Amino acid sequence: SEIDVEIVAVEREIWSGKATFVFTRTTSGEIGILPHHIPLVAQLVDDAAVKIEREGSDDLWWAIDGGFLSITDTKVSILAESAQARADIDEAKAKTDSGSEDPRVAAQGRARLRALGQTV
């Protein structure tokens, strides 16, 4: 079995497919999801980072901007303001974004930084 993960944004969809293991961060801390659990609904943090693992393929590090995780019997949809790929993120832009004083900017930069390798 696998985990159906679909990263959708209020403006457009980013990714959609199956995974072997996925981890996300919400107001209740970080949590892991497997392809054999029960439904669930949690709200991701501002600088939340989702890690979608692929069976046989390298995981996908993406940054979510205030998104929400919704797990079902055999489906997992993630709705957020927007998403960003670790390969598209820039160590410079991430640092600056996190350096900003604004809440939105600080969130994006923090989320992108995490996907890059940063923590908290």
# chains A, B, ... in the order shown; residues from 1 in each chain; ligands from 1
>>> select_by_dssp(residues="region 1-119 of chain A", states="strand (DSSP E)", output="MDAnalysis selection string")
chainID A and resid 3:9 13:19 21:26 29:33 40:43 49:54 57:64 68:71 76:80 83:85
>>> residues_around(residues="residue 10 (chain A)", least_positions_apart="3", cutoff="9 Å", atoms="only C-alpha atoms", output="MDAnalysis selection string")
chainID A and resid 13 79:82
>>> residues_around(residues="residue 78 (chain A)", least_positions_apart="6", cutoff="8 Å", atoms="only C-alpha atoms", output="PyMOL selection string")
chain A and resi 5-8+67-70
>>> atom_distance(atom1="CA of residue 101 (chain A)", atom2="CA of residue 14 (chain A)")
27.6 Å
>>> residues_around(residues="residue 88 (chain A)", least_positions_apart="6", cutoff="12 Å", atoms="only C-alpha atoms", output="ChimeraX atom specification")
/A:60-63,94,112-113,115-116
>>> write_last_selection(atoms="N, CA and C atoms", output="PDB file, in the first residue's frame")
ATOM      1  N   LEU A  60      10.732  14.003  -1.261  1.00  0.00           N
ATOM      2  CA  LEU A  60      10.526  15.349  -1.782  1.00  0.00           C
ATOM      3  C   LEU A  60      10.339  16.350  -0.646  1.00  0.00           C
ATOM      4  N   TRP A  61      11.306  17.250  -0.492  1.00  0.00           N
ATOM      5  CA  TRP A  61      11.248  18.261   0.557  1.00  0.00           C
ATOM      6  C   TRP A  61      10.543  19.520   0.062  1.00  0.00           C
ATOM      7  N   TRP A  62       9.322  19.735   0.542  1.00  0.00           N
ATOM      8  CA  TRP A  62       8.540  20.901   0.148  1.00  0.00           C
ATOM      9  C   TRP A  62       8.121  21.716   1.368  1.00  0.00           C
ATOM     10  N   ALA A  63       8.015  23.029   1.189  1.00  0.00           N
ATOM     11  CA  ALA A  63       7.621  23.918   2.273  1.00  0.00           C
ATOM     12  C   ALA A  63       6.174  24.371   2.109  1.00  0.00           C
ATOM     13  N   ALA A  94      15.931  32.275   1.638  1.00  0.00           N
ATOM     14  CA  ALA A  94      15.381  31.673   2.846  1.00  0.00           C
ATOM     15  C   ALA A  94      15.843  32.425   4.089  1.00  0.00           C
ATOM     16  N   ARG A 112      10.797  27.566   4.214  1.00  0.00           N
ATOM     17  CA  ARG A 112      11.736  27.237   3.149  1.00  0.00           C
ATOM     18  C   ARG A 112      13.069  26.782   3.732  1.00  0.00           C
ATOM     19  N   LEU A 113      13.489  27.436   4.811  1.00  0.00           N
ATOM     20  CA  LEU A 113      14.744  27.097   5.469  1.00  0.00           C
ATOM     21  C   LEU A 113      14.717  25.660   5.975  1.00  0.00           C
ATOM     22  N   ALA A 115      12.912  23.098   4.899  1.00  0.00           N
ATOM     23  CA  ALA A 115      12.990  22.188   3.764  1.00  0.00           C
ATOM     24  C   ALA A 115      14.423  22.085   3.248  1.00  0.00           C
ATOM     25  N   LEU A 116      15.187  23.158   3.431  1.00  0.00           N
ATOM     26  CA  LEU A 116      16.576  23.192   2.988  1.00  0.00           C
ATOM     27  C   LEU A 116      17.464  22.369   3.918  1.00  0.00           C
TER      28      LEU A 116
END
>>> atom_distance(atom1="CA of residue 109 (chain A)", atom2="CA of residue 27 (chain A)")
18.2 Å
>>> atom_distance(atom1="CA of residue 84 (chain A)", atom2="CA of residue 26 (chain A)")
17.5 Å
>>> closest_residue(among="A:40, A:34, A:49, A:76", to="residue 17 (chain A)", atoms="only C-alpha atoms")
A:76
>>> residues_around(residues="residue 19 (chain A)", least_positions_apart="3", cutoff="9 Å", atoms="only C-alpha atoms", output="list in words")
residues 2, 3, 4, 5, 22, 34, 35, 52, 53, 54, 55 and 59 of chain A
>>> closest_residue(among="A:9, A:71, A:105, A:64", to="residue 86 (chain A)", atoms="only C-alpha atoms")
A:64
>>> closest_residue(among="A:96, A:43, A:16, A:119", to="residue 28 (chain A)", atoms="only C-alpha atoms")
A:43
>>> closest_residue(among="A:65, A:11, A:47, A:30", to="residue 98 (chain A)", atoms="only C-alpha atoms")
A:47
>>> closest_residue(among="A:51, A:93, A:75, A:25", to="residue 37 (chain A)", atoms="only C-alpha atoms")
A:75
>>> select_by_dssp(residues="chain A", states="alpha helix (DSSP H)", output="list in words")
residues 91, 92, 93, 94, 95, 96, 97, 98, 99, 103, 104, 105, 106, 107, 108, 109, 110, 111, 112, 113, 114, 115 and 116 of chain A
